[PDB]
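Working notes, beginning with the structure itself.
Residue numbers (PDB author numbering), protein chains in the order written: chain B, 9 to 66, 75 to 168, 186 to 365; chain A, 9 to 165, 176 to 365; chain A', 9 to 165, 176 to 365; chain C, 9 to 166, 178 to 295, 299 to 365; chain B', 9 to 66, 75 to 168, 186 to 365; chain C', 9 to 166, 178 to 295, 299 to 365. A prime marks a further copy of an entry chain.
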């Protein structure tokens, strides 16, 4: 049986696409192992997932040029003992040391970058990777890289369903500035607003001042996220990597308010995928004012416009990425 | 009869657009003052520039043993009032800020006095101090078209290179590629660029800028096989304007003002944007011309001998370089330094 | 018909004077809002206080790996506009700030909106954010008389302990000294204070507050020789008001509000001010009553068994303690919490 | 009632010998007090130990809005006098300090008052506080002989069956005991199974893994363990049992654990912790004794077999563990108490 | 001959009073040695002063509780070799370790604090000092401390001589805010203004706008400082420790603008010595506005008021501190 | 024309042996290249050395307004590939790395390409980069024998008169040579004069003080120097002369200076630098040889006399310096060049 070792850092949501590839690999007769750091976030996520996790190097401090050597040989020892046959790393630092360790052992490397702007380790690692999977098309240049995506409205005069998702986090900026310029919209709306935990009371006050024609509901979490998508006629949310990939895979018109201070503005680069082809608008948080909000929503409240947006979005997406990546790993 | 105070930080290239707008404001009968930090490089750049510089302090003080550490956030409040006193004492009539940290405190200080504020952002992605300041500014100049959302003018700063087709219509000329690495010289360009250039089977004329004390190093890389290429290595370019017009393809850092120069002269460009730029802003500057179809962008990180050759193989056609250079010159905004001066005066 | 927003930082004891002024503003028909930081302790103090708290961010972000480090000075500009949006959204009619970092950004934000600002400084030496903010505030309340130079009111926050002579005129009472170490307990007071007290040959009645989980430790120090002294050790004082009136001499940290309590009740005090206070401000608070002749100040650093006894030897006279307590009560400003509320409304 | 004050740092190693001598002093009619830092871990260890603890602060103060930033070396001066009044107030008659940061200020505090100082160093290489303090100590207890060269230094460091007797096992597989420390023991779990499961000898491997590391190493073992009867456990409840049964022990060369292996006379292959001075602890038994030392940095699965190949005969291990037990310093807790009292 | 060792840190101007005590000790038949840190500022100041300097402990970093032990025994070795007979330390960190080293050897310690608020090392060190000299009276409590000070106008209708000294430093706040509210004073003035080096051109512009009745002169440095004092009818300057002690020793009315962020506000505590007895006013820099400046100067422009101020100031000063400290050192 | 690339860190110790082997390789018809960091000091040392230098960046980037803050471990990854293309571009045939930070990235870069690696470790305790790199090195040169335990490790470290011959001095005072390093030598100036001026033997003390320390120690000496003929100098222009004349040397146990004292066969009392591993360098000559080792931390004027009392006879020093010279490894620069070429 072929033994693939996965590399994903928990911070930056690399595990969730990696987890999909690994679990599918298991079901196709492979053996999966995970290389992670101790005190890395991957450990909490992969609890109860029943694939073995291996950690490498650690109130002590060891110099940077040394710490890289300890990690590379630590991982290399793990791959040689466990007879690791191929390694797939989905980005983050852990891929760096393990990736060299793989190459030194001679086992081939597959990297997958799920953002539109290539992350630092995956850019360097791209030169020794046997295959470089890219979520978005122009993330890498030339032959080695193959594109893939990470994770898998009729009119009966119904009102516009507006969906606002803040995330597991607060996403304060949506909770605080959206109700004000939204509850002064003339058209009839149906707001389904996901606040995050400790902001439910606070923002429900922001809405209730002038409900007017439109109905409103505020909730902390959405149990069935898939239901909320199909019915939503316009979605307002962070341009995360999976969130952009989900908004595309199900055709939903969207107005992306990308995460500020994200590192290579990768969140805006994610959103700019759908934004410049014309499947979603991007409204920067820093420059967001009542006038740009209202003039953006004023022109967005035509349900036909949202459908033209949402169909272009469902077209521009790669549907079978979870199994498309698995194929590449095995043919190595 | 008007007194404008300029805010531009030296570290980023904002002093240069500000200085140009400042110089014309002076000669248009105005008096200009500069608000700058004491530890910024803008001071040396404006030495012998005949505009008075007034300083505010932004770095948090620490550990003298006679003076206790003063948190940076306390100093930013002091800088706001330090600058506010300056504008009231000097009776400043308008404040124009090109970005950098100092424009932030000074900008609030102007608004507290009631002075109107103009900000100018020279990048394609808005820098943090200008984005916040935009909410309280009277006029917002934006370099590239969709940098801010609404009600702001779109104007960016020897703009006389002739039109791209005429300058480009050459009977049997050698390709004449140009590589500019900066005042300091881009190590990443000086090595690994000659290797893929001297593997091209077409006759070209390379003029390469490596930067000081790096001349010997890059001159060595070139020497191995110049069969059909005539190469020259230089530290800096005396005349950038002529070097532009004669250039059929330019390869250079995306820069902020360099995108504007490549656009304003109409040169097909291969932008190799600066790595780990703060909001990847150099890629965004380069994506301006790239998306319209006048430049290709080739990242250092992903760049190998093979991706270089596959890019040049298709780029060594003069019909293509002209088609590119024309698209670039179309979307260029000249006489905009004069456009910003005008906006300031009507405030 | 008026909406005031309060700015008080939790770490320093500014939330307490602000909360008192806030509570009366509410019951005088106003509505009050609190501008606070997300990471400040003011939030826990105002829990279950029935005023809405609105947060602005002041600490510079760093090293997420998904989010780049954002310099603290950038965040202070964001906080100013974050707060400015809050005041405009909530239609704040006046802003009153008691010091701390948050009052700084929020204060500029109010002034940018045109909202009038009242600051209140509860120390004898002005803290940095209030000193700068004073240039742009409509009304400046100062706790102690010469804290600021001109055109500002001088008012500081169960002020009903009876007049010092009446409460002090006691027929054959034991001296009844009081020692209060804080909510946490002042290690420096709990040790080395009993040693010099139990070396006094006069009959006294010690009521000593050591603080939680420190009761056993200080109770041991006391036990060696209580021949003429009756000592009691307690963790905290349930009733501070009665504990004040009965106290003939108080020894305690100079504090900000504690100087005001010792003054407003009229108790002779020995202030042992907090070490390495930021502008030595606790000594300045204590020097208020000390210079007028109502309290002695005895520094921890210089304090030895001998200097303690030489201080108490002269301080164990009840004629002196009364003379001191009277001088302290004379310079006290009661009904000033109500005085600050009034200033806010006329703005 | 002679009044001794002890000095012990937050890290566990300094306090345990200090506690042992302190508790022994108490049963001998003395009065014992402890000098410790606040927020140091000694407090959790001395909780309910029925010694009064006195805290002296040696950590620098971080800037606060309400208090100033105070550089650490200034607090160290406060600490020295802060401690000095403690000894004058408490009428301390002698001071016994086992090393660590806290001992430095307290030791000067003692000498300034005129109190005598006894220091005890539990490592084979002298730690900086004891090194400096050696000049002002009345008596210097040294764990190992090659620590201090002075005229008045004594040698000692704070019941199982004799080695030869315990190792007389007619016929049985080699019992190998691997104790990965609580701290930094990951390196042991990672490269020991590789070379152990490639030994053609009968072994009975008892491996102490540390919590949350159990599953991972069991994966390393189950690959071709022909004849090894391996058991992996996270921590050992009764460590004393493990020693006697242990025919070869593989472990970090701690300070306390070196003397334990010597006291029980068990053959050992010490893989000293690489950041500590810890290597000098192994070289005590390695050089004049017979236990073996294998450096971690250069340690590979390939050199392990070359070391283990020669170590897998019980005669060599017995010869080793006899030499190790010969050198141990027993009744050393009581030897230090005596030195304290004659001061 | 008696051998005294001096301890002074260069930062905070401790050497200048110490230097006076030491050089006088030399002239009275003593032997003087200096204990200092390497890379301490004391070394540049004591160059060319011909008393031997000894340094102790040092891109390496050694933990704080260890660094104190190394320093104390380093100094102790120096005192034992050089047969140091008494030690006088004028504050700063170097006094801390050496001071213990002195006590451990049994040589007596004399400390001198030249500020009104006791510095951190001198406060702790006060318990083992044989004699504690204090510049200002209430700096220490009780018997051991003895007070001392560190370093040694008729009307012919002449105009008010205003003297503004910024220091070796810029003292920007005086150069920038004083000319504005001063050049709009009605009375006739004579400004002698010490700018500091790179501010001479800048501030001369600030004055020349409205010279009016009063004459002005701006200079970088004052060659003869003593001359500038006697003629000055009002002085405006930082409340340094020596500057307050100099303004007192020569009777000069003064308005102190104490150094901001000084550590225990010691500069204001220095000024408050003369300020609350009525020999000088204090105008805080942070709160300083055109209105408080003008209302302060408006009431200060009477030459009789300045004389009442300046005589009270010359009274409250200790004149023979340099020789008063030397006596204490020898009787030890 | 075999193309070797060298790897050397900014600190002087790694580069000097590297430079010696590099220059020797060049005279043997090879092509030599250097891997170094930018802003590292190797550049100043290799200036005008007629070797092409190639820079790889291993230092973390501080946040700037215009560029992001980049954590150091990320730059280390860039460095490894940044260096790797250098070797592919320059057609490097073998890599010789003498330790330090730069060697780590370059060594992986070599192995990834398939280039062979030779490392050489100049200390007696193996440094971390060479320790890890030992697993992938084709040949491991070790300065001292007890560094690595492998099958393919060799022993060596990069003209004056034989000891016995040079020490045959009919009648003359003991020439004592004290070289305080350029770095951290203050401790030597401070406690050597005390115990030297209390020796009742004829000495001729030559003391190397270091700049700006000259006057201070001369004060320490002039106090009762009865018979010592002392000379203090800041630095020694001709150090080779000082060795031959030196009858006892007192000095820091550097890495290069240990092998120099051994090569010239001079008796030494090593006071190793206390923060370095430097102590392990002295123990080479101390243990199997006869030069003496005196720890700095515990070092007092009182133990110095007890050490010097026994060291002041010329027979003992000669017996020592003969044993030290016996163990030196000469023509070791040429021994490393040979190992490089057979790769």
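Backbone N, C-alpha and C fix where the C-beta goes; we use that ideal spot for every residue, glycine too.
Counting only C-beta atoms, is residue i closer than 9 Å to chain B at any point?
{"i": "residue 321/A", "result": "yes"}
For a cutoff of 9 Å on Cβ pairs, would you count residue i as touching chain A'?
{"i": "residue 285/A", "result": "no"}
{"i": "residue 59/C", "result": "no"}
{"i": "residue 79/C'", "result": "yes"}
Can you tell me where the beta strand (DSSP E) holding residue i begins and where it ends?
{"i": "residue 264/B'", "result": "Here residue 264/B' belongs to no beta strand (DSSP E); instead the alpha helix (DSSP H) covers 258–264."}
{"i": "residue 12/A'", "result": "11–15"}
{"i": "residue 226/B", "result": "222–227"}
For residue i and chain B', any beta-carbon pair shorter than 9 Å?
{"i": "residue 317/A'", "result": "yes"}
{"i": "residue 43/C", "result": "no"}
{"i": "residue 93/A", "result": "yes"}
{"i": "residue 344/A'", "result": "no"}
Residue i to residue j, Cα distance in whole Å?
{"i": "residue 273/B'", "j": "residue 242/B'", "result": "31 Å"}
{"i": "residue 211/B", "j": "residue 326/B", "result": "8 Å"}
{"i": "residue 148/C", "j": "residue 88/C", "result": "21 Å"}
{"i": "residue 352/B", "j": "residue 53/B", "result": "24 Å"}
{"i": "residue 338/A", "j": "residue 216/A", "result": "21 Å"}
Is any beta-carbon of chain C found at less than 9 Å from that of residue i?
{"i": "residue 9/B", "result": "no"}
Is the shortest distance between the beta-carbon of residue i and the beta-carbons of chain A less than 9 Å?
{"i": "residue 213/B", "result": "no"}
Answer yes or no: does any C-beta atom of chain C' fall closer than 9 Å to that of residue i?
{"i": "residue 25/B'", "result": "no"}
Can you tell me where the alpha helix (DSSP H) holding residue i begins and where it ends?
{"i": "residue 289/A'", "result": "Segment 286–289 is the beta strand (DSSP E) holding residue 289/A'; no alpha helix (DSSP H) there."}
{"i": "residue 357/C", "result": "354–363"}
Ranges of the alpha helix (DSSP H) found wholly within the stretch 67–123 of chain C, counting only runs of at least 4: Entirely contained in the stretch 67–123 of chain C, the alpha helix (DSSP H) runs reaching 4 residues are, in chain order, 80–97 and 111–121.
Which residues of the stretch 262–282 of chain C' have a Cβ closer than 7 Å to any Cβ of chain B? Give them in chain order. Those would be none; no residue qualifies.
Please list the residues of the stretch 129–147 of chain C that have a C-beta atom closer than 8 Å to any C-beta atom in chain E, keeping them in chain order. The displayed structure is made up of protein chains B, A, A', C, B' and C', and chain E is not among them.
Please name the residues in the stretch 46–77 of chain C whose beta-carbon is closer than 7 Å to at least one beta-carbon of chain A, in chain order. Cβ contacts with chain A come from 71, 76 and 77.
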